[PDB]
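Residue-level structural notes
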Protein chains: 2
Amino acid sequence: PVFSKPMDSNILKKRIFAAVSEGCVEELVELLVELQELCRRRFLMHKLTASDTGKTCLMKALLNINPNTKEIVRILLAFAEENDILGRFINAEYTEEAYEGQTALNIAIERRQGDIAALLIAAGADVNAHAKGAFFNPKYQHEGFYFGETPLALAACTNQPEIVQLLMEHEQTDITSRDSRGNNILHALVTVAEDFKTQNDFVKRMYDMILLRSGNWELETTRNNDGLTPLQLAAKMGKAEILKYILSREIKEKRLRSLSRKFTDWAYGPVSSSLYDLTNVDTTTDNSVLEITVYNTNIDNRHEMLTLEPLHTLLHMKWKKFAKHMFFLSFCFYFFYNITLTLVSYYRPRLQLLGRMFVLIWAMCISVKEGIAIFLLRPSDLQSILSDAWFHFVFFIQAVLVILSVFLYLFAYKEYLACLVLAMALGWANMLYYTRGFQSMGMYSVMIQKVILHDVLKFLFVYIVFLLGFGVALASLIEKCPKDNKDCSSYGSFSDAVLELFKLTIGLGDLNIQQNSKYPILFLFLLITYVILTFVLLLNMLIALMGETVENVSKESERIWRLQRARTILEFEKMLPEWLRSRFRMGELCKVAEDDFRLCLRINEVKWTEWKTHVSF
Amino acid sequence: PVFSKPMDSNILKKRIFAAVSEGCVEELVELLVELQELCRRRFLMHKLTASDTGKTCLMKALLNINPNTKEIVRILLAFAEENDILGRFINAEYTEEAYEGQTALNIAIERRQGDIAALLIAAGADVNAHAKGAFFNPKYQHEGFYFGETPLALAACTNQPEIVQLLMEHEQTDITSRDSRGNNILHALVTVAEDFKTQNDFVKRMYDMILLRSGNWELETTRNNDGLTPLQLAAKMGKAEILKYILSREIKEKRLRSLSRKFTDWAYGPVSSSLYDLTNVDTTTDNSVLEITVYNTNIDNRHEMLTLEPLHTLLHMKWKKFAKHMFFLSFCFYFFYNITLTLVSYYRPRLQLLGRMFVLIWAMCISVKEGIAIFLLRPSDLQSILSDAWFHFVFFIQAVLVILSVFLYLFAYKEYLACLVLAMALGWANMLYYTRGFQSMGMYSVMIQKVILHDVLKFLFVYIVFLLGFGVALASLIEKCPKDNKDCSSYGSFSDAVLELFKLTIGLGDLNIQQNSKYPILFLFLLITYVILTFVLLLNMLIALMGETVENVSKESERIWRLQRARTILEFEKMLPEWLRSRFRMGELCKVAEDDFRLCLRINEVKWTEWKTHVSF
Ligand SMILES: CC(C)C/C=C(\C=O)C(C)C
Ligand SMILES: CC(C)C/C=C(\C=O)C(C)C
Ligand SMILES: CC(C)C/C=C(\C=O)C(C)C
Ligand SMILES: CC(C)C/C=C(\C=O)C(C)C
């Protein structure tokens, strides 16, 4: 965080700023009387405002607060009344690029002072004046303080509800005012919340106050500049507490029940048949909160908010309804394609040609989907943890290897086997993708990907360094055995010596010690020290590396597997044509409203743990 | 949980239901006067009751409670007094299949209201009216709310004891009333309890109140529809707190001491000689709580309630008395059978025939017990965790292989060795069953079964996929070496290539790189990538998989072993003939009662930790 200029720096007009900084009033009141007539003996009181910055004495007084500050603000404003410049004095604007648009009301609200803040507003302060500075609108979280760039949202982003209540009651205040980010009062509150459960979080408590007092459906429907309602913004930023509050918001009182996203129908002991609203949760529209929350648009907090009631059962009625019947079909139609690819080519000649045609019409079928899936892929997802993109190359590669091989079959480049037989080894290793449909083995394949990434690549990369150095060092010592024979040359070339070192790691071959080295002692010293760096230092410790991996993750392995399946639930859903997606939850109900455009959903909740505890008191 | 119709849906007779729903009375009292004479100008007031459902205004008023509801129920009943239809109005019944039999008293009791509930009962409410609906009687735990289908048990299943106390004092209330499940007031309380220790659990507190006020032995002896006393039902559902309370129930006061299952004889400091009752705990009868609690009829909570005092020492005096003397005999008589099977057949000819006869008369002896044990087995136990059934096939298979082999011995099909020599390898691996009699190694064999199931099968299943794909891929590249010789063909067929890959995993053989591949580079690329998927990715990680297994279980391995032994304690007991089971605990004592049919048991309890803490205050 680097800012070119500071807001307040306590390092003949300087007497104005010095007097208000230390809070001294006696040196100011008599001296302010003197200033009254400098302009007369000379309409535009420049002298009491700074030049390089727009900061005035009013901003200077409030930025350097003290118990004497209240005694200064009242007389400072009275000076502008005599010169009739209170309009320009109160609405004075900062001019630095970092802090631009900050007014005296903005600083008074920040410094936890409802006394002067009410006084300035009553004096004609510019309510809903936007602080459109680079500092107030940081490019990241740590580059500044973003709060919505309005005095109302600043009091809302801070924990001062009294100044909020005063600002709501003001007539000139524009509630549905959008700042330079296209945000709102509710968008700003969503950004400043946190996903970590805090005992005393005012954001969801103040979300209720601002929304209810507005009492209409325009704050929750106003779109962002990127294009995002306050509902969807909480999903993009991963705000679970706000998402749980918004999706399950029930208003008991009349005249405001239209602001409810969940209308409980009936309750009887543990079971209650709540009737939720999903007018912006189902994937019928674009950028749904369900679609946003399952992809890697949220960070480090997905399952704790993918289990929320309106959308936890949205996936179950998508899996148990059409996704399960298409995972088997994808499993069967790929198992048969792999079996046919193996069968018709293991029996290759050194009428079953209709089976070979099936591989032709299906390798193109896989690659046309993978080819179009690569285009929708982005580098922001290609290298990540929950990418689900590595399976998009290897499905494409195994498909593109088959069609490339057969193009060289009839054309007879003799390389038709160099590409086809690599598809068998990859095609059968691709069969492990379709094990997500089982909990016991789907969690197992989750462990494999974490093991193959955190530990195996780190072991191999060190290993080739010990294989390149020791391969060259061992092969360099060996002269050419006489008689021009291939004997004496187990370590004769770099490729021959590296291969013999690799066979030493697994445990295959004979460890000869008289391999025609011109230093027999040095060759053995370099041999009985290679196996203590790999077999004793690395291979045993490789087993040790993965123990930290399978102990920290095993309590989250069942959590990551569900997110894999929940992604394929809607990845399958987008493949259905528009006429096929005519099967949805339920019709329009829950309210007369605007002629009932409320796509509701009835899910009964039988909760035994809470009800048992509730009656226990 | 899916219900076709809702109980209460707040989405010219509709004015009746609307007025009571919102609690408005002014719009009802004058309008109810109007209704009085619609039927006259027209015995059967249909108009104020619903048609598709039996719900009336009384049910509608109580389902939509409000502070004005008490002001509505009193005048609503007075309307039926004038028409003299209070009998049909109060006893009005629901008619939906989901919710059937629900009355106005049932809803009033549910909504924590003892005021109206007492008023309805005083008005002639149908006490002990059964709500025999599909919702009130769910097929599972999450399909509804089961509470015993009576107003008394509903107040008991909820935490309202005042309405219970009122219902006990009523004359018309039938305490020993059985619902559609054959349950009782005490059966229903057992079902709604929980095995997790809760600080404030009313169920065992309300079990005391209902049983004592009844003051007789008919609630604890009334059989279920499945056939189960309230004692045995707590064992089937795994209710440890109720089981600990019931089995150790001591009533101090006279006239009710006959309702005690434990009569403490004397106490002196730490040692107290409690004298328990096991009239339904010992295995003398069928479906004993001891027999039920040791088999896999309880779930996830067995050792925390198999250690309860009446039945923790019931097994110790069965092990130290006849079970230990039959485990050695089973160990010796099977060790000798295995030794004889090995000895008389390792020396097979390429008079000791009496030893061969012993295997004949004992292989049939094993298979006749295993054959009859398979019939008593069920698929509900065949595939489980604490099955103790896998040892029933392999004991049967090893027994059936011996008799099958000798049938081909004299008959001379020459296959007599193909079945007999497989019995040695299985017969000696069966010798590890009889290691349950030792703590150090019995816990070891518990680890093996968990390791062999959670980890080894998951590793092998992935391994054959990498062996099928790489076996075909390696064998496909190899042409037939000239001269029609068997050289050049280490990977010549599928079986030859798969075998050479398996030997690569363990570490046997020579890793040749010039194995007559028509692509020497591609064969090596497919070879130095198979060993990084098994030897580097799988075999090392296999060791890693079992580390989560031996760290989470080792604190429970000593717990599962006891349940294995406790099952064989009564598995041995059922083998004794009726005359042999003439040795039991102790006679009839502890009370005069009904001519003393109380099979008691005296077990002295020397408790030093509690007594030391008790005197410390
Ligand atoms: C390209 C062939 C060598 C198969 C490659 C793999 C599968 O075995 C990788 C993905 C592990
Ligand atoms: C043997 C390979 C194919 C396993 C590696 C993966 C597949 O599961 C990726 C996803 C890490
Ligand atoms: C049938 C023979 C091969 C013995 C089989 C086993 C014992 O070694 C299995 C039970 C592990
Ligand atoms: C070598 C085998 C016989 C071990 C496996 C078992 C026996 O202990 C079953 C019970 C898992």
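Here the residues of each chain are numbered from 1 in the order the sequence is written, which can differ from the numbering of the entry; residues without coordinates are not included. Chains and ligands are labelled sequentially in the order written, the chains with letters from A and the ligands with numbers from 1. The assembly from which these chains come is larger than what is shown, and the figures reported cover only the shown chains. Excluding hydrogens and water, the side-chain values take into account all heavy atoms of the structure. Residues with missing side-chain atoms are left out of burial classes, side-chain pairs and their counts.

What to know about the overall build of chain A
Operational definition: A run of H or I in DSSP counts as a helix once it spans at least four residues, and a run of E counts as a strand once it spans at least two, with each numbered from the N terminus. Only C-alpha atoms enter the radius of gyration, while the globule expectation follows 2.2 Å times N to the 0.38, with N the number of residues.
Of regular secondary structure, chain A possesses 28 helices and three strands. Against the globule reference of 25 Å for 617 residues, chain A gives a C-alpha radius of gyration of 36 Å, more extended than a compact globule. Considering only C-alpha atoms, chain A reaches an extent of 115 × 70 × 60 Å along its principal axes.

With respect to the side chain of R257(A)
Residues and elements named next belong to chain A. The condition is simple: Think of it in three bands: with a 1.4 Å probe and only protein chains considered, a residue is buried below 20% of the maximum accessible area for its type, exposed above 50%, and partly exposed in between. Only four residue types enter the tally: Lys and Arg on the positive side, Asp and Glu on the negative side; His and the chain ends are excluded. One speaks of a salt bridge when a side-chain nitrogen belonging to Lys or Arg is within 4 Å of a carboxyl oxygen belonging to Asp or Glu. Only heavy atoms matter for contacts: two residues are in contact if any of them lie within 4.5 Å across the pair.
Of note, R257 is situated in the loop between α14 (240-247) and β1 (262-268). Of the side chains bearing the opposite charge, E250 lies closest to the buried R257, which forms no salt bridge; the N-O distance is 4.0 Å. The contact partners of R257, leaving out residues within four places of it in the chain, are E250, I251, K252, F263, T264 and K591.

Considering the UniProt feature "binding site: Na(+)" in chain A
Counted only if it meets this: UniProt positions are given in the numbering used here, feature names are shortened, and annotations may be inferred rather than shown by experiment.
When the UniProt feature table is mapped to this numbering, "binding site: Na(+)" covers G507(A). Examined against the element boundaries, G507(A) turns out to sit in the loop between α23 (494-506) and α24 (520-525).

Some points on the relation of the copies chain B and chain A
So the rule is basically this: Each copy is laid over the others by a least-squares fit that uses only its C-alpha atoms.
The two copies are related by a screw operation: chain B maps onto chain A through 90 degrees of rotation and 0.0 Å of translation along the axis, at an RMSD of 0.0 Å. Such a turn and shift between the copies fits a four-fold axis. Of every C-alpha in chain B, the one belonging to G507(B) sits nearest the axis of rotation, 4.1 Å from it. Comparing interface residues between copies, only 6% of those in chain B also lie at the interface in chain A; the contact surfaces differ.

Topic: the UniProt feature "intramembrane region" in chain A
Here, the residues flagged by UniProt with the feature "intramembrane region" are residues 490-515 of chain A. Taken end to end, residues 490-515 of chain A has its terminal C-alpha atoms 7 Å apart, with 50% of it in helix and 0% in strand.

Quick look at the site of ligand 3
All names here are of chain B. Stated formally: Only a single heavy atom is needed: when it lies within 4 Å of a molecule or strand, its residue is near that molecule or strand. Surface exposure here means Shrake-Rupley accessible area, sampled with a 1.4 Å probe, where a residue is shielded only by the protein chains that are shown. Note on residue classes: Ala, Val, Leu, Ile, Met, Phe, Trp, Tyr, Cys and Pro are nonpolar, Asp, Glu, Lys and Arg are charged, and everything else, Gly too, is polar.
By nearness alone, every residue bordering ligand 3 is listed as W390, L422, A425, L426 and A429. Taken by itself ligand 3 offers 340 Å² of open surface, and the protein chains cover 46% of this. Looking at which element gives the most residues to the shell around ligand 3, the answer is helix α21 (residues 416-429), with four residues. Each residue belonging to the shell around ligand 3 can be placed in one class, and the counts come to five nonpolar, no polar and no charged.

Notes on the site of ligand 2
Taken together, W390(A), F391(A), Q449(A), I452(A), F466(B) and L533(B) make up all the residues around ligand 2. Those residues lying near ligand 2 are distributed over chains A and B. Starting from 340 Å² of accessible surface for ligand 2 in isolation, the protein chains cover 86%. Within the residue set of the shell around ligand 2, elements represented by two or more residues are α20 (390-410) and α22 (439-476) of chain A.

What to know about the state of the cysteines
Residue and element names in this part refer to chain A. This is how the line gets drawn: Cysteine sulfur atoms are paired as a disulfide whenever they come within 2.5 Å of each other.
Here the structure, examined in full by the defined rule, presents four disulfides over all chains. Each disulfide pairs two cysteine sulfurs, and for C481 the partner residue is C488, the sulfurs being separated by 2.0 Å. The exposure class assigned to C481 is buried, which follows from its relative accessible area of 14%. The partly exposed category is assigned to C488, whose relative accessible area is 26%. When the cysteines engaged in disulfides are numbered in sequence order, chain A pairs them as 1-2, 3-4. Just so you know, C365 is unpaired, no disulfide at all, and the nearest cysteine sulfur is the one on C332, 15 Å from it.

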